[PDB]
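Undergrad: no letters, just coordinates:
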Ligand SMILES: CC#Cc1cncc(-c2cc(Cl)c([C@]3(C)CS(=O)(=O)N(C)C(=N)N3)s2)c1
């Protein structure tokens, strides 16, 4: 049974541009579309005109706006923003029926942060205070929400990839998924939920203990899989792997799909590959299984994704085109949107654990499905975690 009907189907977007939820800030309420990001901890919104924004937060029009008289500069390689800190009343129209006083970073200047055509005007950082900017004294939105209300300390995400490209109008009209605040909606998944511990509360950090490509063990020291960390990040498009893991995984994926040769640019995630309408050879591409530390001692479980997850649909023609959505990282494993699209993901902050179940909206074919299975007997799993 599905017990959170008001929050089901409250997301829009896609893996390449991000998934967002509608929010309101200020008095009277100012509506904004907000990127759902489990990989950061700031609630930051556009608050000045920008060519790629059609709306922004107007603090002078909010009677409940409180100025914190403090600036914040947050530079990332993926985009940078400068903001002015303050507080205001915040609601999630298709969320719990509560109004919170929360910190807001009013973005006044930015460099390649807002993306042309994304439809979002801000970011909802759902990770922990440890990685909030300027420091951990700036309470993240979800912490304020739990402290001020009776909403349980848990949220769950069902990110829904369409399995095909969505044009400018389609992406605005389509349901991109669900963010259930304070609970688990049982209609969003099939089978059982399996839980992996949150290693440390900063990013949503996890431990990967084994990797298979079509059941074939990648056979690397498991520390390599979590070098220097492994995180679950709705604000990353790809499955990102540490350099050495990426090189071994791409070699194995190429060997499994060897009946068809792809250009170097395809494996670099830069070039698209196209096939005649309806003829994508899904079967030649292998499944990928990530084994995660279980809640019970010496116990693991696996999550299995299909090429329908790691081949991201892109428009070219009537051909079906894709980009390879597995890429190299120098900052550890990132289980991005293309992985999350296969699963219903429960961020159980109260019990310091992350749940995975097969998503009711994952893209598959008649021959294979994504899977969440266990238990498996796995020894010295603590040794898989990286230190320093
Ligand atoms: C699925 C999707 C998506 C998507 C699309 N367009 C923009 C973004 C982001 C830009 C920035 Cl900046 C982000 C930060 C705050 C820093 S980051 O290091 O780039 N990062 C990986 C993260 N999780 N948070 S997300 C995400």
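TA: On my side now, so go ahead. Numbering: from 1, shown residues only.

Undergrad: what comes up buried for whichever helix in the chain runs longest?
TA: Across the chain, the longest stretch assigned as helix under DSSP state H is helix 243-256. Buried residues in helix 243-256, counted by 16 or more other C-beta atoms under 10 Å: 245, 246, 248, 249, 250, 252, 253, 256. From N, CA and C alone the C-beta is placed, and that goes for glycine too.

Undergrad: also stretch 366-383?
TA: Quick answer for stretch 366-383 (16+ other C-beta under 10 Å): 369, 370, 371, 372, 374, 378, 381.

Undergrad: who touches it?
TA: For stretch 366-383, contacts defined as C-beta atoms under 8 Å, 6 or more residues apart in numbering pick out 191-194, 207, 209-210, 222-223, 282-283, 287, 289, 291, 293-294, 296, 298-306, 309, 342-343, 356-359, 362, 364.

Undergrad: who are the packing partners of the longest helix of the chain?
TA: Packed against helix 243-256 by the contact rule (3 or more C-beta pairs under 8 Å, 6 or more residues apart in numbering; DSSP states H and E) you find strand 208-213, strand 326-329.

Undergrad: 6 Å - rerun?
TA: Helices and strands touching helix 243-256, as assessed by 3 or more C-beta pairs under 6 Å, 6 or more residues apart in numbering; DSSP states H and E, are absent.

Undergrad: how far off strand 208-213 does it point, in degrees?
TA: With axes from the mean of the first three to the mean of the last three C-alpha atoms, to 10 degrees defining the directions, helix 243-256 sits at 30 degrees from strand 208-213.

Undergrad: what is the helix or strand following helix 243-256 packed up against?
TA: Sequence-wise, the next helix or strand downstream of helix 243-256 (DSSP states H and E) is helix 264-267. Here helix 264-267 touches no other helix or strand, going by 3+ C-beta pairs under 6 Å, 6+ apart.

Undergrad: can you list the buried residues in the helix or strand following helix 264-267?
TA: Downstream of helix 264-267, the first helix or strand assigned by DSSP H and E is strand 273-275. For strand 273-275, the neighbour count (16+ other C-beta under 10 Å) marks residue 273 as buried.

Undergrad: stretch 193-210 too?
TA: 193-199, 202-210.

Undergrad: got the residues of the protein near the ligand?
TA: Applying C-beta under 6 Å from any ligand atom, one finds that the chain approaches the ligand through 15, 17-18, 37, 39-40, 76, 78-79, 113, 115, 123, 233, 235-237, 337.

Undergrad: okay, and which of those residues map to helices?
TA: Using DSSP H, residue 337 are the members of the residues of the chain next to the ligand that sit in helices.

Undergrad: for residue 388, grab the count of nearby residues.
TA: If you count neighbours by other C-beta atoms under 10 Å, residue 388 ends up with 3.

Undergrad: to clarify, my last question referred to residue 288.
TA: Neighbour count for residue 288, taken as other C-beta under 10 Å: 25.

Undergrad: contact partners for the closest residue to it other than its chain neighbours?
TA: Nearest residue to residue 288, sequence neighbours excluded (C-beta to C-beta, 6 or more residues apart in numbering): residue 305, at 5.2 Å. With contact set as C-beta atoms under 6 Å, 6 or more residues apart in numbering, residue 305 has these partners: 288, 342, 370.

Undergrad: mind redoing it with 7 Å?
TA: 287, 288, 339, 342, 370 (C-beta atoms under 7 Å, 6 or more residues apart in numbering).

Undergrad: repeat for residue 119
TA: 20, 33, 172.

Undergrad: over to the residue nearest the centre of the chain: give its phi and psi.
TA: Centroid-nearest residue in the chain: residue 234, 1.1 Å away (criterion: C-alpha atoms, centre = their mean). Reported as degrees, to the nearest 10, the phi and psi values for residue 234 are phi -70, psi -10.

Undergrad: thought it was touching residue 38?
TA: Yes: counting by C-beta atoms under 7 Å, residue 234 does reach residue 38; the two are 4.5 Å apart.

Undergrad: need the strands for the stretch 1-150 of the chain, in chain order.
TA: For the stretch 1-150 of the chain, applying DSSP state E, counting those that start in this stretch gives strands covering 11-14, 18-25, 30-37, 43-46, 66-76, 79-91, 100-111, 122-125.

Undergrad: can you redo those strands as JSON lines with distance to residue 59?
TA: Converted to JSON lines, the strands of the stretch 1-150 of the chain look like this (distance: least, C-beta to C-beta, whole Å):
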{"stretch": "strand 11-14", "distance to residue 59": "26"}
{"stretch": "strand 18-25", "distance to residue 59": "9"}
{"stretch": "strand 30-37", "distance to residue 59": "9"}
{"stretch": "strand 43-46", "distance to residue 59": "10"}
{"stretch": "strand 66-76", "distance to residue 59": "8"}
{"stretch": "strand 79-91", "distance to residue 59": "7"}
{"stretch": "strand 100-111", "distance to residue 59": "6"}
{"stretch": "strand 122-125", "distance to residue 59": "13"}
